[PDB]
Amino acid sequence: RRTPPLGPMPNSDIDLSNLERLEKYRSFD
Amino acid sequence: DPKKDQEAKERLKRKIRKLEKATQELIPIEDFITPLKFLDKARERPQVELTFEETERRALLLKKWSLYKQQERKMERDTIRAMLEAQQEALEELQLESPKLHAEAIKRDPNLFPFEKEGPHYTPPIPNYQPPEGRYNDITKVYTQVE
Amino acid sequence: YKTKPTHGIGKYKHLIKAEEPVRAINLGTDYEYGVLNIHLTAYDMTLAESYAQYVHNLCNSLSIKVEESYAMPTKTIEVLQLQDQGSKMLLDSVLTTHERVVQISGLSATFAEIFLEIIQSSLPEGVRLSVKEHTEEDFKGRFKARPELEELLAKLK
Amino acid sequence: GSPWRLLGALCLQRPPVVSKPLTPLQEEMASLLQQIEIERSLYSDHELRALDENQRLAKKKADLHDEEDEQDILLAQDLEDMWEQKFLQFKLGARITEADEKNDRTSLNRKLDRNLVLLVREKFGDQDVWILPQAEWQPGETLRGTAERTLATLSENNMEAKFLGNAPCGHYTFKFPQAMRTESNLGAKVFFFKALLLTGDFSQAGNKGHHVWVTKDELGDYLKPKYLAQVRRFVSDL
Amino acid sequence: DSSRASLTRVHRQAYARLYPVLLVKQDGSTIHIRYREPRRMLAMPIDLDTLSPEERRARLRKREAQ
RNA sequence: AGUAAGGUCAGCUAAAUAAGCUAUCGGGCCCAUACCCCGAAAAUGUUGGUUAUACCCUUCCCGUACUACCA
C-alpha cells in the first residue's frame, strides 16, 4: 500500500536523463 | 604423430591464453621518473636569500599577472561566444532558406580527422638554406614485459 | 515507511552513476564524434605539459568531457653531424621527444569547428598538434611489448 | 525556387608563420620564470664541469700535488666560446620581410605573426566591391562543396585548403537595389566557410588587381560597413 | 596566440638546469627549446640515409672536386 | 544410485628449484647396426580462486574405487 506525497519530494527537480552532464558538488563545503 | 603433434598445439594455446589474460604493464615515462643522479647532494646548488626589494618586485608582478591572464581569458571566451552566436544564427538562416542543405551542414566530417597543425616557428624558413650532413640515431630504450 | 507519504525520501543511489565493476571505444553518431585523442608533440617537455594543461582546462570550461590525460613514452634520438674534411659521423646533440595526449569525447560536429580553431590558434612554438580518433592500436601502444607472447605466436604461424 | 540567390563563400585564412612577439609585460614574466627556474634547478653537467675545472686550477697552483698531466684539453668556459662564435656566424630568417617594407598586400610573406584573410575584387553593376571568394550554389551539391568549388575557380592557383566542419561559420543577406529588384530575384544569401591554407600560392600573371591578403584590423578598408560587420564575427585575431 | 601557454617553467622538484637554445631545422626555421648544455644554437642535419640513392650520389659529386 | 580418490616430459615415476630413467633429436664409436660415449630437447586433466603462486581449494571432464542393506 502506497500514499502519494503531500508535496514536492526532495531531489525531484534533478534530471536523471543527463546525470552524466549534470554538474556535481565535488566538494564538502 | 597423434600423441605428439596434436598435444603440442594444445599446450601452446594454453600458454597463449595465460599470457593474453594476464595484466599488461604500462611503458614507464622517463619524464615523471627522477633519475638517481639528481638525488646526489653534490648537484645541490647553494641557496641565496632574496632581498626585500626583490621579493616585493615579484609579488607585485604576480598580482599584475593575474589581471593580465584574466583579460586574456575574457578575450578568448568572447571569441568563442562570437563564433558560436554567428554559427548558430547562420544555421537558422540556412534552415529557413533550404531545409535539405541544413541537414547536410550539421553532419559530421569524416575527412576532418586526423587534424594536424604545427606551431609557428621563431623565424621563417630560409629560402636558400643548406643544413649540414648528418644522421639521426634512435636510442629510445625498449621495455619488455616478463612474467 | 512504505505506507507513509514520506516513503523514499532517503533514496540516494538513483542520483549516483552506477559503478559496478579495457574500455570500450564509443563511436560517435552522425552529429557527434567519438572518442578523440589530442596528441601534443614537442621537443620541449615544459611546452608539451603546459599546453596539455591548457587544453584540459579549456574543455572543462567548454563542458567537454575529458576521458583521460596521460603521457606517451619519451623518445630519445641521437643527433650526429659529419665532421669537416672527414667521413666520420660524430655525435652533436641529444634530442628527446615528449608527447602529451588528452582524451575527449562527445564533441559536437558543429562545435568541432570552433573547438579546433581555438586550440590551433593557441598552439605554442615548437609544439605539434595532432587530433586523432581513438583506436585500440593507440591504447595498446602504451603497454610494454611481450616477446614471450610473440615467440609462442610465431610457432603457431 | 526561392527569390533569394544561394551563395557559398570561402573564408580562406593563412595561419601565422612566426610566433607573435611577447608584450612588455610578458617579457618581465618570462625573465622571472627563467630566473625562478635557474634558482630551483640542480647543478648541470656543464656547471659541474666548470666548478671542478676551477678547483683543479687551484689544486695545481696552490700545491704541486696533482698526479695527472693530461686532465682535460678544453675547459667549460672555453667550450662556451666555440658555441658563441658559431651562433654569431649564423643568420636568422627575417621576421619582417620585404613585403612588409613595401606594403605588398598581395604576397603571403607579410605579417607572419598575424592572420591573413583572402579577399578578391568582383564587379557587380559596373562597381568594384571587395568580397570574400564565393560561388553560386548548384543542384546536386552541398553548400560546403560550393565553397570548395570556389577555390578551384581562382585565377591560376595551386593552393591547398583544409576545410573545418560542414556547418557554415556565418551568413550575410543583402537585397539588390530597387532599380533591378524583382520578385523572382529579391536578393542573395551568402554563407561563409572557413578553411586553413596549407600550401600553395597564386601565379605571377595577375597579383595587384586580383586578390589581396589583409588582417582583421585592416580588413575594414576593403569591405563595406554592412559586409564588414558579419565577417568580423567568425574571423578571430587571437 | 602563440604566447597563450608559452611562459612556463619546469614543474619538477628535482631537475637539472636547462638553457634556452635555438633549434635550427632543415628548412632554416628555428624554435625555442630547452637543452642540457648552454649551446646558443642547435642545427638538425639533413639525414643522408633518407635520400634517394641517385640524389645521394649527386650530393657526393658536389662534395668532391674541391 | 550414492560416496571415495586420482589426473604431471612421448612413456613411466619422483619432486612442485617440475628431476631422473627410457623414449626422442644431433654428434662420436663401428665397413654397418645395436650396446656404449658426448650434447640437446621435452609436462602439471581442465575451470576459476587462492597477497602472488605451487603441491591447495574449487568448475568441468576422462578413468578408477567402494557401497547399494533387512523384512
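Chains as they are written, first to last, in the numbering used here: chain A, 3 to 31; chain B, 574 to 720; chain C, 14 to 170; chain D, 243 to 480; chain E, 21 to 86.
Ideal Cβ placement from N, Cα and C applies to all residues, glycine included.
Worksheet item: When Cβ atoms are compared, which residues of the region 83-97 of chain C fall closer than 8 Å to chain E?
Response: 92, 93, 94 and 95
Item to complete: Taking only runs that begin and end inside the region 618-676 of chain B, name each unbroken alpha helix (DSSP H) of 4 or more residues, in chain order.
Response: 625-670
Fill in: Start-to-end residues for the beta strand (DSSP E) that takes in residue 69 of chain C
Not the beta strand (DSSP E): residue 69 of chain C falls in the alpha helix (DSSP H), residues 58-74.
Discussion item. Taking the alpha helix (DSSP H) that residue 255 of chain D belongs to, which residues open and close that run?
Written reply: From DSSP, residue 255 of chain D is part of no alpha helix (DSSP H) but of the beta strand (DSSP E) over 246-256.
Worksheet item: Under 7 Å Cβ-Cβ, which residues of chain D neighbour residue 34 of chain E?
Response: 284
Discussion item. Using C-beta distances below 7 Å, list every residue in its chain close to residue 385 of chain D, excluding the 5 sequence neighbours before and after it, in chain order.
Written reply: 250, 379, 410 and 433
Discussion item. Quick check on the burial criterion: 16 or more other C-beta atoms within 10 angstroms. Buried or exposed for residue 440 of chain D?
Written reply: exposed
Practice prompt. Leaving aside the five residues before and after residue 457 of chain D along the sequence, list all residues of the same chain whose C-beta is less than 8 Å from its C-beta, in chain order.
Written response: 353, 356, 357, 358, 359 and 479
Worksheet item: What did DSSP end up calling residue 25 of chain C once you bin it into helix, strand or coil?
Response: coil
Worksheet item: Considering residue 714 of chain B, what are the terminal residues of the alpha helix (DSSP H) in which it resides?
Response: Run containing residue 714 of chain B: none; DSSP gives neither H nor E here.
Item to complete: Measure the CB-CB distance between residue 678 of chain B and residue 664 of chain B and report whether it falls below 8 Å.
Response: yes
Discussion item. At a CB distance below 7 Å, what residues from the region 52-74 of chain C approach chain D? Give them in sequence order.
Written reply: none
Worksheet entry | residue 408 of chain D classed as buried or exposed, judged by whether at least 16 other C-beta atoms fall within 10 angstroms | buried
Worksheet item: How big is the Cα-Cα spacing for residue 582 of chain B and residue 719 of chain B?
Response: 22 Å
Worksheet item: Between residue 353 of chain D and chain E, is there a C-beta pair that is closer than 8 Å?
Response: no
Worksheet item: Looking at the unbroken alpha helix (DSSP H) that takes in residue 327 of chain D, where does it start and where does it end?
Response: 318-331
Worksheet entry | Separation of residue 163 of chain C from residue 590 of chain B, as counted between CA atoms | 13 Å
Fill in: 8 Å contact criterion, which residue 78 of chain C and residue 117 of chain C should meet: CB distance rounded
7 Å
Practice prompt. Identify, in the order they occur along the chain, each residue of the same chain with its Cβ nearer than 6 Å to the Cβ of residue 375 of chain D, setting aside the five sequence neighbours on each side.
Written response: 252, 362 and 392
Worksheet entry | Partners in chain C for residue 411 of chain D, counting only beta-carbon separations shorter than 8 Å | 126
Item to complete: Within 10 angstroms of the Cβ of residue 26 of chain C, are there 16 or more other Cβ atoms? Answer buried if so, exposed if not.
Response: exposed
Worksheet entry | Residue range of the unbroken beta strand (DSSP E) whose run includes residue 433 of chain D | 429-441
Discussion item. Going by DSSP, what residue range makes up the beta strand (DSSP E) through residue 50 of chain C?
Written reply: 49-55
Worksheet item: Okay, do the region 702-718 of chain B and the region 48-68 of chain E touch, 3+ Cβ pairs below 8 Å being the bar?
Response: yes
Discussion item. DSSP three-state label for residue 19 of chain A, please.
Written reply: coil
Worksheet item: How close, in whole Å, do the beta carbons of residue 129 of chain C and residue 688 of chain B come, if the pair is a contact with beta carbons under 8 Å?
Response: 6 Å
Discussion item. Three or more C-beta pairs under 8 Å: does that hold for the region 52-63 of chain E against the region 32-43 of chain E?
Written reply: yes
Worksheet entry | Selection of the region 143-165 of chain C by Cβ proximity to chain B, strictly under 7 Å | 143, 144, 145, 146, 155, 156, 157, 158, 159, 160, 161, 162 and 165
Worksheet entry | Under 8 Å by beta carbon: chain E residues contacting residue 139 of chain C | 43, 51, 52 and 53
Practice prompt. Grab the span of the beta strand (DSSP E) containing residue 112 of chain C for me, first residue to last.
Written response: 102-117
Worksheet item: Could one say the Cβ of residue 119 of chain C lies closer than 8 Å to chain B's Cβ atoms, at least one of them?
Response: no
Fill in: Length of the line joining the Cα atoms of residue 154 of chain C and residue 594 of chain B
17 Å
Worksheet item: Are residue 405 of chain D and residue 390 of chain D touching if we call contact CB-CB under 8 Å?
Response: yes
Worksheet item: Along chain A, in chain order, which residues have C-beta atoms closer than 9 Å to that of residue 16 of chain C?
Response: 3, 4 and 5
Practice prompt. Examine the ligand COA and report whether any of its heavy atoms sits within less than 7 Å of the Cβ of residue 112 of chain C.
Written response: This structure does not include the ligand COA; it has no bound ligands of any sort.
Discussion item. Using DSSP's beta-bridge definition, name the partner residues of residue 688 of chain B.
Written reply: C/144
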